[PDB]
$ cat input_27.cif   # mmCIF, C-alpha atoms and all ligand atoms
data_model
loop_
_atom_site.label_atom_id
_atom_site.label_comp_id
_atom_site.auth_asym_id
_atom_site.auth_seq_id
_atom_site.Cartn_x
_atom_site.Cartn_y
_atom_site.Cartn_z
CA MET Q 5 410.11 45.85 187.26
CA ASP Q 6 407.01 43.57 187.60
CA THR Q 7 403.94 43.60 185.28
CA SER Q 8 400.38 44.76 185.90
CA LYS Q 9 399.31 41.05 186.13
CA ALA Q 10 402.08 40.43 188.71
CA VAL Q 11 400.89 43.45 190.81
CA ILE Q 12 397.26 42.11 190.78
CA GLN Q 13 398.59 38.60 191.80
CA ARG Q 14 400.54 40.25 194.69
CA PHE Q 15 397.42 42.23 195.73
CA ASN Q 16 395.25 39.08 195.74
CA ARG Q 17 397.90 37.22 197.81
CA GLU Q 18 399.08 39.83 200.32
CA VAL Q 19 395.82 41.89 200.64
CA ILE Q 20 392.87 39.52 199.98
CA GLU Q 21 394.44 36.23 201.24
CA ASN Q 22 396.73 37.52 204.05
CA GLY Q 23 394.96 40.82 204.97
CA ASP Q 24 398.26 42.84 205.03
CA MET Q 25 397.08 46.45 204.90
CA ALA Q 26 400.74 47.58 204.81
CA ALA Q 27 400.81 45.82 201.42
CA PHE Q 28 397.49 47.60 200.59
CA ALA Q 29 399.13 51.03 201.17
CA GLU Q 30 402.03 50.00 198.88
CA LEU Q 31 399.82 48.51 196.05
CA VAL Q 32 396.81 51.00 195.99
CA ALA Q 33 397.33 54.59 194.67
CA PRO Q 34 396.00 57.63 196.72
CA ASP Q 35 394.02 58.75 193.61
CA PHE Q 36 392.50 55.17 193.25
CA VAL Q 37 388.84 54.90 192.11
CA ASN Q 38 386.64 51.83 192.70
CA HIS Q 39 384.08 52.24 189.90
CA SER Q 40 382.11 49.26 191.37
CA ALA Q 41 381.77 50.90 194.80
CA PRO Q 42 378.09 50.88 195.99
CA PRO Q 43 376.21 54.25 196.12
CA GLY Q 44 376.86 54.63 199.91
CA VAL Q 45 380.56 53.68 199.90
CA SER Q 46 383.63 55.87 199.17
CA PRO Q 47 385.08 55.00 195.72
CA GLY Q 48 388.47 56.05 197.17
CA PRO Q 49 391.32 53.92 198.59
CA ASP Q 50 389.97 54.33 202.14
CA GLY Q 51 386.54 52.98 201.11
CA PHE Q 52 388.22 50.05 199.30
CA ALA Q 53 390.42 49.23 202.36
CA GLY Q 54 387.29 49.42 204.53
CA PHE Q 55 385.70 46.64 202.49
CA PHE Q 56 388.60 44.26 203.33
CA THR Q 57 389.23 45.24 207.00
CA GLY Q 58 385.56 45.79 207.91
CA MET Q 59 383.61 43.36 205.70
CA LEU Q 60 385.68 40.65 203.98
CA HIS Q 61 388.32 39.48 206.50
CA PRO Q 62 385.83 39.58 209.50
CA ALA Q 63 383.45 37.36 207.41
CA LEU Q 64 385.95 34.96 205.77
CA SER Q 65 388.81 32.86 207.20
CA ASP Q 66 391.61 30.89 205.44
CA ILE Q 67 391.12 32.80 202.16
CA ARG Q 68 392.64 31.11 199.05
CA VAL Q 69 392.38 33.14 195.78
CA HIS Q 70 392.50 30.86 192.64
CA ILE Q 71 393.51 33.04 189.69
CA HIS Q 72 392.22 31.14 186.65
CA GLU Q 73 392.95 33.67 183.85
CA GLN Q 74 394.20 37.25 183.26
CA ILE Q 75 393.21 39.07 179.98
CA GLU Q 76 395.07 42.38 179.38
CA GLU Q 77 394.47 45.09 176.73
CA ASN Q 78 395.17 48.87 176.79
CA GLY Q 79 396.52 48.83 180.39
CA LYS Q 80 393.41 47.08 181.76
CA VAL Q 81 393.76 43.57 183.31
CA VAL Q 82 390.71 41.33 183.67
CA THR Q 83 391.20 38.68 186.37
CA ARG Q 84 388.87 35.65 186.42
CA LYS Q 85 389.29 34.07 189.81
CA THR Q 86 387.71 32.19 192.71
CA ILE Q 87 387.79 33.38 196.32
CA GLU Q 88 387.75 30.25 198.49
CA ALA Q 89 387.33 30.77 202.23
CA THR Q 90 385.62 29.44 205.37
CA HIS Q 91 382.44 31.39 206.35
CA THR Q 92 383.34 32.34 209.95
CA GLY Q 93 381.52 35.71 210.22
CA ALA Q 94 378.37 37.50 208.96
CA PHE Q 95 378.50 37.86 205.19
CA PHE Q 96 375.78 39.84 203.33
CA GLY Q 97 373.36 39.31 206.25
CA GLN Q 98 374.17 35.62 206.48
CA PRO Q 99 375.45 34.62 209.95
CA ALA Q 100 378.63 32.48 210.17
CA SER Q 101 377.95 28.95 208.80
CA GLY Q 102 381.47 27.49 209.21
CA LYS Q 103 381.16 26.24 205.61
CA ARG Q 104 384.00 26.40 203.14
CA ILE Q 105 382.62 28.24 200.09
CA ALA Q 106 383.90 29.38 196.65
CA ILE Q 107 383.00 32.87 195.35
CA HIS Q 108 383.40 33.24 191.61
CA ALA Q 109 384.58 36.71 190.69
CA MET Q 110 385.86 38.89 187.85
CA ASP Q 111 387.68 42.20 188.35
CA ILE Q 112 389.14 44.78 185.89
CA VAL Q 113 392.18 46.59 187.33
CA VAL Q 114 394.18 49.54 185.85
CA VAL Q 115 397.73 49.39 187.34
CA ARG Q 116 399.71 52.70 187.12
CA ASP Q 117 403.28 53.02 188.47
CA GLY Q 118 403.01 49.68 190.33
CA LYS Q 119 399.73 50.58 192.08
CA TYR Q 120 395.92 49.97 191.69
CA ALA Q 121 394.52 53.08 189.96
CA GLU Q 122 391.05 51.99 188.74
CA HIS Q 123 388.90 48.96 189.59
CA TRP Q 124 385.67 47.22 188.49
CA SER Q 125 384.38 44.09 190.18
CA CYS Q 126 381.74 41.39 189.54
CA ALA Q 127 381.02 38.48 191.89
CA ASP Q 128 378.58 35.60 192.22
CA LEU Q 129 376.97 36.58 195.58
CA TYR Q 130 373.71 34.90 194.60
CA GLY Q 131 375.65 31.59 194.27
CA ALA Q 132 377.82 32.22 197.40
CA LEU Q 133 374.78 32.86 199.63
CA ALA Q 134 373.13 29.78 198.04
CA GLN Q 135 376.24 27.76 199.17
CA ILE Q 136 375.97 29.25 202.71
CA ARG Q 137 372.19 28.41 202.87
CA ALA Q 138 372.49 24.74 201.65
CA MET M 5 385.24 38.86 157.98
CA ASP M 6 384.43 40.87 161.23
CA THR M 7 386.36 40.89 164.60
CA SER M 8 385.66 38.92 167.80
CA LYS M 9 384.44 42.22 169.47
CA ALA M 10 382.01 42.75 166.50
CA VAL M 11 380.68 39.10 166.72
CA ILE M 12 379.98 39.48 170.49
CA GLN M 13 378.37 42.93 169.77
CA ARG M 14 376.05 41.22 167.16
CA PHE M 15 375.26 38.27 169.53
CA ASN M 16 374.22 40.68 172.33
CA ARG M 17 371.99 42.67 169.89
CA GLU M 18 370.35 39.89 167.85
CA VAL M 19 370.28 37.02 170.43
CA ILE M 20 370.07 38.67 173.89
CA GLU M 21 368.15 41.89 172.94
CA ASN M 22 365.97 40.61 170.04
CA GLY M 23 365.75 36.84 170.88
CA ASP M 24 366.55 35.73 167.28
CA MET M 25 367.52 32.05 167.64
CA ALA M 26 368.21 31.94 163.86
CA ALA M 27 371.04 34.39 164.68
CA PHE M 28 372.00 32.04 167.59
CA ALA M 29 372.44 29.10 165.16
CA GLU M 30 374.66 31.37 162.95
CA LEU M 31 376.77 32.85 165.84
CA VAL M 32 377.22 29.77 168.17
CA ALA M 33 379.54 26.81 167.19
CA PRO M 34 378.23 23.16 167.61
CA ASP M 35 381.28 22.31 169.82
CA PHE M 36 380.58 25.38 172.06
CA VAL M 37 381.11 25.04 175.88
CA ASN M 38 379.49 27.32 178.49
CA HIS M 39 381.97 27.03 181.40
CA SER M 40 379.52 29.05 183.60
CA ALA M 41 376.60 26.63 182.96
CA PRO M 42 374.68 25.68 186.17
CA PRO M 43 375.28 22.15 187.68
CA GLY M 44 372.26 20.48 186.01
CA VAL M 45 372.43 22.28 182.64
CA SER M 46 374.22 21.16 179.45
CA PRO M 47 377.43 23.19 178.79
CA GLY M 48 376.61 22.64 175.07
CA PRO M 49 375.01 25.10 172.58
CA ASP M 50 371.60 23.47 173.28
CA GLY M 51 371.91 24.22 177.02
CA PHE M 52 373.03 27.82 176.30
CA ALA M 53 370.09 28.38 173.85
CA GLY M 54 367.78 26.98 176.56
CA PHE M 55 368.91 29.71 178.97
CA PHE M 56 367.68 32.43 176.58
CA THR M 57 364.48 30.77 175.21
CA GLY M 58 363.53 29.14 178.53
CA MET M 59 364.60 31.48 181.31
CA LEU M 60 365.90 34.93 180.09
CA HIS M 61 363.39 36.07 177.40
CA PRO M 62 360.28 34.64 179.25
CA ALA M 63 361.45 36.71 182.34
CA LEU M 64 362.60 39.95 180.70
CA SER M 65 361.04 42.25 178.09
CA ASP M 66 362.52 45.13 175.99
CA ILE M 67 366.10 44.03 176.73
CA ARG M 68 368.87 46.62 176.18
CA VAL M 69 372.53 45.40 176.35
CA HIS M 70 374.78 48.40 177.21
CA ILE M 71 378.35 47.32 176.28
CA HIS M 72 380.76 49.50 178.21
CA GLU M 73 384.19 48.02 177.37
CA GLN M 74 385.75 45.04 175.59
CA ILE M 75 389.27 43.80 176.66
CA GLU M 76 390.86 41.19 174.28
CA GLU M 77 394.04 39.04 174.65
CA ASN M 78 395.03 35.57 173.25
CA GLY M 79 391.66 34.99 171.48
CA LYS M 80 389.58 35.82 174.61
CA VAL M 81 387.25 38.89 174.71
CA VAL M 82 386.01 40.23 178.02
CA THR M 83 382.83 42.30 177.73
CA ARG M 84 381.77 44.57 180.62
CA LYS M 85 378.12 45.43 180.13
CA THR M 86 374.74 46.35 181.73
CA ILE M 87 371.56 44.41 180.71
CA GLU M 88 368.56 46.76 181.11
CA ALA M 89 365.03 45.15 180.87
CA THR M 90 361.41 45.15 182.16
CA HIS M 91 360.63 42.33 184.63
CA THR M 92 357.55 40.74 182.94
CA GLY M 93 358.07 37.02 183.74
CA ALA M 94 359.39 34.69 186.50
CA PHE M 95 363.00 35.60 187.45
CA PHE M 96 364.97 33.59 190.05
CA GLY M 97 361.91 33.03 192.28
CA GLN M 98 360.60 36.57 191.85
CA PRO M 99 357.23 36.79 190.04
CA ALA M 100 356.73 39.59 187.42
CA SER M 101 357.10 43.12 189.03
CA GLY M 102 356.84 45.23 185.82
CA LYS M 103 359.93 47.13 186.95
CA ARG M 104 362.69 48.15 184.58
CA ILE M 105 365.91 46.80 186.12
CA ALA M 106 369.69 46.91 185.31
CA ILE M 107 371.81 43.76 185.58
CA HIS M 108 375.54 44.42 185.66
CA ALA M 109 377.46 41.62 183.92
CA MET M 110 380.87 40.47 182.57
CA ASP M 111 381.44 37.67 180.11
CA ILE M 112 384.56 36.11 178.53
CA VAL M 113 383.93 34.77 175.01
CA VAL M 114 386.31 32.78 172.73
CA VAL M 115 385.25 33.49 169.11
CA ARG M 116 386.44 30.87 166.51
CA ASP M 117 385.61 31.27 162.80
CA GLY M 118 382.98 33.97 163.52
CA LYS M 119 381.16 31.83 166.13
CA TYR M 120 380.96 31.50 169.99
CA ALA M 121 383.31 28.61 170.99
CA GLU M 122 383.81 29.10 174.79
CA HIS M 123 382.01 31.28 177.39
CA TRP M 124 382.35 32.40 181.04
CA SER M 125 379.82 34.68 182.67
CA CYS M 126 379.43 36.78 185.81
CA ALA M 127 376.28 38.72 186.62
CA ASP M 128 375.00 40.69 189.61
CA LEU M 129 371.77 38.69 190.30
CA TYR M 130 371.93 39.75 193.98
CA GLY M 131 371.65 43.39 192.86
CA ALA M 132 369.00 42.67 190.23
CA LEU M 133 366.69 40.86 192.71
CA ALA M 134 367.25 43.73 195.17
CA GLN M 135 365.91 46.09 192.43
CA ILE M 136 362.87 43.79 191.83
CA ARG M 137 362.05 43.87 195.60
CA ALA M 138 362.30 47.80 195.91
CL CL X 1 388.52 42.23 194.72
#
$ encode --input "input_27.cif" --output "structure tokens" --more "lines below"
Ligand SMILES: [Cl-]
Amino acid sequence: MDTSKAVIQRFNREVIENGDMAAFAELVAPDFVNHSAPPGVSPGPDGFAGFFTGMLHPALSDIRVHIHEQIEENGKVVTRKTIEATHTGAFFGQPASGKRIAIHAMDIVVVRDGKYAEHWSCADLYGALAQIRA
Amino acid sequence: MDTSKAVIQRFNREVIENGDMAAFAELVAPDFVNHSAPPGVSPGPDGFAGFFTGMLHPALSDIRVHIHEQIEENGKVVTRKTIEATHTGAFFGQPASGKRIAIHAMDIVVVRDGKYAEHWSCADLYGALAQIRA
């Protein structure tokens, strides 16, 4: 039986790095809520999947997620990480630059019965677009 | 002798909201390191104080720090918060708009002997500048 931290590590590897949506289905609960979802997006699992399949993986190639630290209290796991990838597609209105960039992020995940139940995210887009524009 | 969560709560109220640098001197250690310090800035307490006195408080008036949650493990405290303020000064290339904006942020603080010892930050500047431009 693997830990909440282990489940988040598996999600970052199989879903964010590899883009395995079969792994997504296995690691995200049907009652999942993305509290950080923008006002126009579905806070549900389908909205969350749509961010990876429709936005992230079309924009970023050769994704490497560097998990620096994981702080856990009361079933919530804070992951401080870096998303390193090659900018090969339009990202936040920025056309493909071919540049390898590093996005600093922090997410808070609530894992229940081996699946993602609740999620909050924070990312340095200002800095990532600055990298793209240099 | 108050908790790490209470020290961070006091720092956000007296330093970030009120701009009391006398409180800064009392709540930040001399060996403090800001791991999220920009490339040209000092990771030291002097560099960190300079962010508030030199860029944050000249840019933002009537600051309100809305602390949502605090997750602690192994001497690290993650604070998920929303900085609400009026844009009255120069902020990341945007001249004063007079708008009251909300900056979503997350910081990881290591409190040692009632003072700030280590710090990591994440803030939604992309979102904040978007608000300034609306
Ligand atoms: Cl994520």
$ residues_near_ligand --input "input_27.cif" --ligand "ligand CL 1 (chain X)" --cutoff "9 Å" --atoms "all atoms listed in the file" --output "ChimeraX atom specification"
/Q:15-16,20,56,109-111,123-127
$ closest_residue --input "input_27.cif" --among "Q:84, Q:132, Q:52, Q:44" --to "residue Q:25" --atoms "all atoms listed in the file"
Q:52
$ closest_atom_pairs --input "input_27.cif" --of "stretch 49-81 of chain Q" --to "stretch 87-106 of chain Q" --cutoff "6 Å" --atoms "only C-alpha atoms" --output "Markdown table"
| residue | atom | partner | partner_atom | distance |
| --- | --- | --- | --- | --- |
| Q:62 | CA | Q:93 | CA | 5.8 |
| Q:63 | CA | Q:93 | CA | 3.8 |
| Q:64 | CA | Q:91 | CA | 5.0 |
| Q:65 | CA | Q:90 | CA | 5.0 |
| Q:66 | CA | Q:89 | CA | 5.4 |
| Q:67 | CA | Q:89 | CA | 4.3 |
| Q:68 | CA | Q:88 | CA | 5.0 |
| Q:69 | CA | Q:87 | CA | 4.6 |
$ residues_near_point --input "input_27.cif" --point "(381.0, 25.5, 166.6)" --cutoff "8 Å" --atoms "all atoms listed in the file" --output "ChimeraX atom specification"
/M:32-36,116,119-121
$ atom_distance --input "input_27.cif" --atom1 "atom CA of residue M:114" --atom2 "atom CA of residue M:78"
9.2 Å
$ closest_atom_pairs --input "input_27.cif" --of "chain M" --to "chain Q" --cutoff "7 Å" --atoms "all atoms listed in the file" --output "Markdown table"
| residue | atom | partner | partner_atom | distance |
| --- | --- | --- | --- | --- |
| M:75 | CA | Q:77 | CA | 5.4 |
| M:76 | CA | Q:77 | CA | 5.9 |
| M:77 | CA | Q:75 | CA | 5.4 |
| M:126 | CA | Q:126 | CA | 6.4 |
| M:127 | CA | Q:126 | CA | 6.7 |
| M:128 | CA | Q:128 | CA | 6.7 |
| M:129 | CA | Q:130 | CA | 6.1 |
| M:130 | CA | Q:130 | CA | 5.2 |
$ write_last_selection --input "input_27.cif" --atoms "C-alpha atoms" --output "mmCIF file, in the frame of the given file"
data_model
loop_
_atom_site.group_PDB
_atom_site.id
_atom_site.type_symbol
_atom_site.label_atom_id
_atom_site.label_comp_id
_atom_site.auth_asym_id
_atom_site.auth_seq_id
_atom_site.Cartn_x
_atom_site.Cartn_y
_atom_site.Cartn_z
ATOM 1 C CA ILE M 75 389.270 43.800 176.660
ATOM 2 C CA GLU M 76 390.860 41.190 174.280
ATOM 3 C CA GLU M 77 394.040 39.040 174.650
ATOM 4 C CA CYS M 126 379.430 36.780 185.810
ATOM 5 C CA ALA M 127 376.280 38.720 186.620
ATOM 6 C CA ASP M 128 375.000 40.690 189.610
ATOM 7 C CA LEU M 129 371.770 38.690 190.300
ATOM 8 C CA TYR M 130 371.930 39.750 193.980
#
$ atom_distance --input "input_27.cif" --atom1 "atom CA of residue Q:71" --atom2 "atom CA of residue Q:24"
18.8 Å
$ atom_distance --input "input_27.cif" --atom1 "atom CA of residue M:86" --atom2 "atom CA of residue M:70"
5.0 Å
$ axis_aligned_box --input "input_27.cif" --around "stretch 17-21 of chain Q" --padding-each-side "8 Å" --output "JSON"
{"center_x": 396.0, "center_y": 39.1, "center_z": 199.5, "size_x": 22.2, "size_y": 21.7, "size_z": 19.4}
$ closest_residue --input "input_27.cif" --among "Q:115, Q:85, Q:37, Q:48" --to "residue Q:12" --atoms "only C-alpha atoms"
Q:115
